[PDB]
Amino acid sequence: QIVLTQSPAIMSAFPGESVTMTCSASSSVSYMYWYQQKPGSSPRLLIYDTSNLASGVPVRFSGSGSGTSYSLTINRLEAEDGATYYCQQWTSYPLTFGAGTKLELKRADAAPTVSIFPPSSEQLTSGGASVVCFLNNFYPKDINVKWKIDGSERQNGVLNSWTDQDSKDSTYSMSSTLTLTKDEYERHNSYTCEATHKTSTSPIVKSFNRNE
Amino acid sequence: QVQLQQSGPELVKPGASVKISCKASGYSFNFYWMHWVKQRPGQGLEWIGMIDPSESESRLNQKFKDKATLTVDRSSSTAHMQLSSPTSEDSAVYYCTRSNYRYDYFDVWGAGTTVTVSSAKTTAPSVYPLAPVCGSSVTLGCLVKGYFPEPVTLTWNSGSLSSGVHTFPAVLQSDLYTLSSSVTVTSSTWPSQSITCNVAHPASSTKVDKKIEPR
Amino acid sequence: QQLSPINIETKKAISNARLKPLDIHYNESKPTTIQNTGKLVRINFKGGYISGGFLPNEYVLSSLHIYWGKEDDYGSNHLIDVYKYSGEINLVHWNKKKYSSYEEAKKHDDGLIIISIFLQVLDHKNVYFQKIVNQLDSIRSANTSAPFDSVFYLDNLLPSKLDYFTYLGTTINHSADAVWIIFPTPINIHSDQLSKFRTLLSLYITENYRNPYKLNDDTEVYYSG
Ligand SMILES: [Cl-]
């Protein structure tokens, strides 16, 4: 089968910048096709027959190439272009896609808004205790969260989730949850979520004492 | 409208066959080849195979030779894909897509059918309010813990509260998912006006509405 | 490995002027049934075969397929030197000597041999081709099947010259690979005969041909003169 290699795997740029992504083929392809998939959506045709724009595709998109080397260019990136882009060949069966170029956006550095939440009463009644930390609307996506209990760092029982980059403001948000038993939770008083991000030199600390 | 409508999320026992469906409307069904595309959480797009509806002649990617069976129901304008003896490797989103009869592109796609192959137990989530610790702005939360399989839906105030919301992709641990959502409003809005997170988990027929009360 | 159809470039074709002549035996070919598939016309056959040529052994005739466009100007699948004919008949043959059925033959690159006969629209009413348009009344809907009405000899649909181009490609619907035998000389038909095809329901079927694919570097087109 024809293998398509897409580079870079991941990238980002400011709106207005020019972006070029390449698709290399293991043997010659007659025409390259390009699909844009926004997060949570189906793939969608962008370019067909190497360089023809699909109906309604903005003129900032262009496709190029021949033989084993092809490319997609966005001349003046816009935030709404945040997506994974796949090349696809129709030269031999099986039909194959590249592994995609995931494109995200740059914006001004932005510090997280940090909130901490003690276990609810309802969860305690079930014998579990989760401590939640939301770290909202920050940029860049690179961020480090450290949980502390009574001063000591805790690594066990931590689960993290990152949202997709916000399509309107280009920020990232993160949720961090520490899950202990009700027994373990009551054995300690001080709970801390410490956020380390390039925006401040000093960590952003949010904290509570179990029985106020 | 020309449209491709796919069946809902499937939880499939390992080794138990599954049939998923793709109902076409708005165009001549017999005239366009129907294709199936597999997408795993971290693996790009894979072409499974295609079928010519006019005579049910199919071509399968050899990678899926003993896995997928492509059929069509011409009377109901519906293409089917069957997965034989499914494994965890078969867990993915499956799109049906129509290729143009003349141009070699996929001009119509379904929303995709999510297939989870697992012997993990269908489990209802518990929904917990996250009120702030005892100026100008406040972040509230809802924690949706311990469910299987995906998905759950989460709204705030029946969807009336949509800006300032972050619903975080679910995380899977020990056959159970956990999801959270934050909502940020002005301090004059809460708690003088109620804020209620609304949670559905269709697989366990769960529907719950949790008002966030000040601690 | 080569997707069909293609434009055949005569200037690039490789002359194989040492091949055995092509042996066509349609004298014992009888049409069983005719189909409107929703996309094209299919006439099924019993009996009849072709022998090489390049053929390692004989291949039995199984069916005929018809293609057209919305104009008498532009309707065939294959082209020769960028010239597209009004239409194209495909005669499908399978390697019964090697494989047990059509279904097993369709899975291999030496299983199917398709003969291509071009349709040229002129001021000439083809009495033999007519035997096919008359069947059309029975198969207007899709997908419908009817017994082929009366006497018809496939041998009559052969071109007056049997020189041909051959290449390894695929079925028109791409479902399997197939080797093509393609006669440049077309048979002649009238506009009144072709237009009847466009009155078949597809669910409205003005065109059903496919655009040509670029020839792959390693695809050879051979010519038997
Ligand atoms: Cl005759």
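Residues numbered from 1 in each chain as written, not as in the entry; some residues may be left out. Chains lettered and ligands numbered in written order. Heavy atoms only, no water. Residues with missing side-chain atoms left out of burial classes, pairs and counts.

As recorded by the PDB entry, chain C carries the name IMV membrane protein and is attributed to Vaccinia virus. Recorded under Sequence similarities (unreviewed entry), the UniProt text for chain C is reproduced unchanged: "Belongs to the alpha-carbonic anhydrase family." Per UniProt, chain C has the following entry under Function (unreviewed entry): "Binds to chondroitin sulfate on the cell surface to provide virion attachment to target cell." (UniProt positions renumbered as here; feature names shortened; annotations may be inferred.)

> Describe the interface of chain A and chain C, naming the residues involved and giving the relevant values.
Taken together, the contact between chain A and chain C spans seven residues of the former and seven residues of the latter. Broken down by class, the residue content of the side of chain A that touches chain C amounts to three nonpolar, four polar and no charged. (Contact = heavy atoms within 4.5 Å. Nonpolar A, V, L, I, M, F, W, Y, C, P; charged D, E, K, R; others polar.)

> Tell me about the pairing of strand β10 (residues 106–109) of chain B, and name the residues and values.
Residues and elements named next belong to chain B. Relative to β10, strand β9 (residues 92–99) runs antiparallel, the two being bridged by three bridges. Counterpart to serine 99 in the pairing with β10 is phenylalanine 106. Hairpin connection, β9 to β10: the antiparallel pair is bridged by six residues. (Pairing = 2+ DSSP bridges. Helix = DSSP H or I, 4+ residues; strand = E, 2+ residues; numbered from the N terminus.)

> So, the sheet that holds strand β14 (residues 144–149) of chain A: which residues are in play, and what are the values?
Residue and element names in this part refer to chain A. Read across the sheet, four strands follow the order β15-β14-β18-β19 without closing on themselves; strand pairing throughout is antiparallel. On the outer flanks of this sheet lie β15 (152–154) and β19 (204–209), each paired with one strand and no other. Each strand axis lies, on average, 30 degrees off the axis of its neighbour in the sheet, ignoring direction. Bridge count between strand β18 (residues 190–196) and β19: six bridges; the pairing is antiparallel. Paired with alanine 195 across the bridge in β19 is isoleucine 204. (Axes fitted to C-alpha atoms, helices over the stretch in contact; angles between N-to-C directions.)

> I'd like a description of the interface of chain A and chain B, backed by residues and values.
It is common to give the size of an interface as the accessible area that goes away when the parts come together. With 43 residues of chain A at the contact, the number on the chain B side is 43 residues. For the chain A and chain B pair, buried surface summed over both sides reaches about 3,500 Å², with 67% attributable to carbon and sulfur atoms. Between the two partners, chain A and chain B, sit one salt bridge. With a closest N to O distance of 3.1 Å, B:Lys210 and A:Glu122 form a salt bridge. Scanning the region where chain A abuts chain B turns up 13 residue pairs in polar contact. Looking at the side of chain A that touches chain B, the elements with two or more residues in it are β4 (32–37), β5 (44–48), β9 (83–89), β12 (113–117), α1 (121–124), β13 (128–138), β16 (158–162) and β17 (172–181) of chain A. (Buried area = accessible area lost by both parts, 1.4 Å probe. Salt bridge = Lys/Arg side-chain N within 4 Å of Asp/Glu carboxyl O. Polar contact = N/O pair within 3.5 Å; in protein donor to acceptor, adjacent residues only side chain to side chain.)

> Before we move on, can you summarise the pattern of salt bridges with the specific residues and values?
According to the stated counting rule, one finds 20 salt bridges over all chains in the structure shown. The closest approach of N and O atoms between B:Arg98 and B:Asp107, which form a salt bridge, is 2.8 Å. With relative accessibility at 27%, the residue B:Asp107 sits in the partly exposed group. As a salt-bridge pair, C:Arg210 and B:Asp104 come within 3.1 Å of each other at their nearest N and O atoms. With C:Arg210 in the loop between α3 (191–194) and β15 (222–224) and B:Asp104 in the loop between β9 and β10, the pair connects residues from two separate chains. Taken as a pair, C:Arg210 and B:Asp104 share a single burial class, namely buried. (Buried < 20%, exposed > 50% of the residue type's maximum accessible area, 1.4 Å probe, protein only.)

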